[PDB]
Amino acid sequence: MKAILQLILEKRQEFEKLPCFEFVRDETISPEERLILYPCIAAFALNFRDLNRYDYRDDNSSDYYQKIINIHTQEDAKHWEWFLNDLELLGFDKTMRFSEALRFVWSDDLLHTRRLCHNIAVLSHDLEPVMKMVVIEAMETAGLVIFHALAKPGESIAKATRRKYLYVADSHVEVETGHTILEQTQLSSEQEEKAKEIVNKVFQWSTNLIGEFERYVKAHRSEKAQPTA
Amino acid sequence: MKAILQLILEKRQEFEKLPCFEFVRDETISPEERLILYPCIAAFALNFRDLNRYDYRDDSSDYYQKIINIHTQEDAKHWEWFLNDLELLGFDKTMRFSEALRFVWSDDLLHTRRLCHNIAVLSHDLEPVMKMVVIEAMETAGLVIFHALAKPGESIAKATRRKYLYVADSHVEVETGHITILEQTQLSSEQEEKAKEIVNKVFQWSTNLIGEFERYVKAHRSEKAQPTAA
Ligand SMILES: N[C@@H](Cc1c[nH]c2ccccc12)C(=O)O
Ligand SMILES: N[C@@H](Cc1c[nH]c2ccccc12)C(=O)O
Ligand SMILES: [Fe+2]
Ligand SMILES: [Fe+2]
Ligand code: NI
């Protein structure tokens with residue numbers, strides 16, 4: 001189990017270095033340009049809400065680990081509204097045809113973004129609570145890397161425009177920083193092998209999402225955020 | 001297997017009877033009113049495209065998975081027909097990006113939205129002959145739905161002189177020729193019991209989607225289709 005927690009740090013240290021994040025943290029580039037990837041998260045954020053509401057959560061469970069997951073899911077299932085809040089603030093909540101919105105979400109350029117929650121649902125669907133906690137810890141660690149990064153230009157725009165950002169914001173990183181129990185557990189021989197595969201898959205799928213964000217920024221480099229004071 | 005194919009026919013006969021289908025077939029109701037449910041299909045039609053491209057399809061060398069892959073290729077095309085008839089019906093409305101997302105992720109379209117999710121979770125570890133059972137049940141549920149929606153659909157298509165592609169006989173026709181190898185297939189005791197489970201879950205999830213369509217019409221009785229003549 002210490003190995004599993006050490007692999008998660010190893011992957012986070014790799015994950016933290018991706019070009020996307022070097023770009024996002026680059027105070028030499030305007031924060032509006034660094035948040036060009038923002039509308040991309042539309043293919044993920046509400047899927048993530050549903051992963052928490054409908055896939056992770058088991059309300060009827062007595063399992064020690066499942067009751068902790070249930071509390072966690074109740075928090076994480078709230079963040080999609082924060083995504084919609086900042087979409088409007090950043091000027092990305094634009095008038096379009098319904099079909100344009102569907103074609104955007106279901107773009108082949110947002111495949112890995114769109115299917116990250118799907119892959120996690122398939123991975124998790126027959127795991128015991130303890131093994132679900134490994135899935136959630138890895139996923140939560142990747143999320144904290146991304147939002148730590150995105151809160152840099154997010155908080156720069158929030159200060160310059162005198163508006164309260166909720167998603168690409170320190171307040172979002174604060175709740176997810178919380179997201180002392182894995183430490184307090186030891187895995188079967190089989191469980192350790194499954195755990196390593198889980199951590200490897202979640203970071204591989206998260207890196208695939210970040211790869212699409214990077215390509216979108218390049219392909220749509222002019223489509224900067226348009227916040228108003 | 002003979003039992004499994006007979007359970008799918010029993011399930012179809014029950015599914016055919018749902019109140020939503022009596023409504024969609026009721027020629028005393030304007031077809032514009034009967035297609036109030038059409039935008040609901042936005043939570044399913046592109047998820048179904050992805051189920052076909054990514055979950056069913058395995059681009060293996062097993063004879064059965066090669067048959068599945070052929071099937072998925074046609075089915076992965078119909079989402080475009082959905083977006084064609086969305087525009088013709090006057091449902092391709094201008095709206096905020098967030099309004100589109102809130103619509104697709106509406107709690108009133110939960111079962112519509114998760115149908116494909118549920119089939120992918122059910123399917124992901126199945127051997128090919130059993131994926132074929134999922135596909136055959138799902139194709140049977142679909143044929144019942146499009147047989148019904150093609151009624152108000154072809155009424156509007158004639159009245160306005162426009163080629164409908166999704167709520168249309170041409171969709172029902174490609175589906176009709178879409179089973180030979182399953183009938184030619186021996187399955188074990190275990191496969192038989194798992195085949196039963198698949199057919200029950202595919203029809204109950206399709207029943208839940210159709211229940212949401214019926215509820216949507218009742219919540220949105222003023223939002224009738226607004227087609228224009230050629
Ligand atoms: N905190 C993110 C969720 C998140 C967790 N893990 C992730 C990995 C990649 C992208 C997003 C995430 C949200 O509220 O929506
Ligand atoms: N014919 C539908 C596919 C379909 C199969 N089974 C279904 C069950 C419910 C709704 C739709 C379906 C389409 O092309 O999109
Ligand atoms: Fe979050
Ligand atoms: Fe179809
Ligand atoms: Ni499984």
Legend entry - Among the candidates A:157, A:198, residue that is closer than 26 Å to residue B:121 by Cα, more than 11 Å from ligand 1 (Cβ to nearest atom), more than 14 Å from chain B (Cβ to nearest Cβ) and buried (at least 18 other Cβ atoms within 10 Å of the Cβ): A:198
Inset, instruction - State yes or no: is residue B:115 in contact with a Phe, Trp or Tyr (Cβ under 8 Å, 6 or more places away or on another chain) and more than 7 Å from chain A (Cβ to nearest Cβ)? - result: yes
Inset, instruction - Report yes if residue B:129 is surrounded by 16 or more Cβ atoms within 10 Å (Cβ to Cβ), away from ligand 5 (no atom under 16 Å from the Cβ) and within 11 Å of chain A (Cβ to nearest Cβ), otherwise no. - result: no
Inset, instruction - Look at residue B:64 and say whether it is under 18 Å from residue B:177 (Cα atoms) and of a type in the set (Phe, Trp, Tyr). - result: yes
Inset, instruction - Would you point out which residue out of A:27, A:22 is under 18 Å from residue A:212 (Cα atoms) and among the acidic types (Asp, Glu)? - result: A:22
Legend entry - Which numbered condition residue B:5 misses (of (1) away from ligand 2 (no atom under 16 Å from the Cβ); (2) surrounded by fewer than 15 Cβ atoms within 10 Å (Cβ to Cβ); (3) in a helix (DSSP H, G or I)): (2)
Legend entry - Verdict on residue A:95 being within 27 Å of residue A:163 (Cβ to Cβ) and either within 15 Å of ligand 1 (Cβ to nearest atom) or at the interface with chain B (Cβ under 8 Å from one of its Cβ atoms) (or both): yes
Legend entry - Tally, over the stretch A:28-51, of residues that are of a type outside the set (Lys, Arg) and either within 16 Å of ligand 4 (Cβ to nearest atom) or more than 13 Å from chain B (Cβ to nearest Cβ) (or both): 9
Inset, instruction - Go through (1) over 25 Å from residue B:119 (Cα atoms); (2) surrounded by 16 or more Cβ atoms within 10 Å (Cβ to Cβ) one by one and return the number of the condition residue A:91 breaks. - result: (2)
Inset, instruction - Scan the stretch B:210-230 for residues that are surrounded by 14 or more Cβ atoms within 10 Å (Cβ to Cβ), assigned to a helix (DSSP H, G or I) and of a type outside the set (D, E, K, R) and jot them down. - result: B:210, B:211, B:213, B:216, B:217
Inset, instruction - Looking only at the stretch B:185-196, decide whether some residue is more than 19 Å from residue B:44 (Cα to Cα) and either within 16 Å of ligand 5 (Cβ to nearest atom) or in contact with a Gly (Cβ under 6 Å, 6 or more places away or on another chain) (or both). - result: yes
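I'm checking my understanding of the structure. Among residues of the stretch A:98-112 that are of a type in the set (A, V, I, L, M) and within 9 Å of chain B (Cβ to nearest Cβ), which one is nearest to residue B:120 (Cα to Cα)?
Checked the stretch A:98-112; the qualifying residue nearest to residue B:120 (Cα to Cα) is A:111.
Looking at the stretch B:17-28 only, could you name the residues that are in a helix (DSSP H, G or I) and either exposed (fewer than 14 other Cβ atoms within 10 Å of the Cβ) or touching a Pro at 6+ places or on another chain (Cβ under 9 Å) (or both)?
B:19, B:22, B:24, B:25
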Inset, instruction - Can you work out which of the residues in the stretch B:160-195 that are among the aliphatic types (A, V, I, L, M) and over 18 Å from residue B:83 (Cβ atoms) is surrounded by the fewest Cβ atoms within 10 Å (Cβ to Cβ)? - result: B:181
Inset, instruction - May I ask you to verify whether residue B:207 is of a type in the set (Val, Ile, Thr), in a loop (DSSP other than H, G, I, E, B) and away from ligand 5 (no atom under 16 Å from the Cβ)? - result: no
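Only the coordinates and a few stated rules stand behind these numbers; no lab work does. Neighbour counts are summed over all protein chains in view; Cβ atoms, including those assigned to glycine, are modelled from backbone coordinates with ideal geometry.
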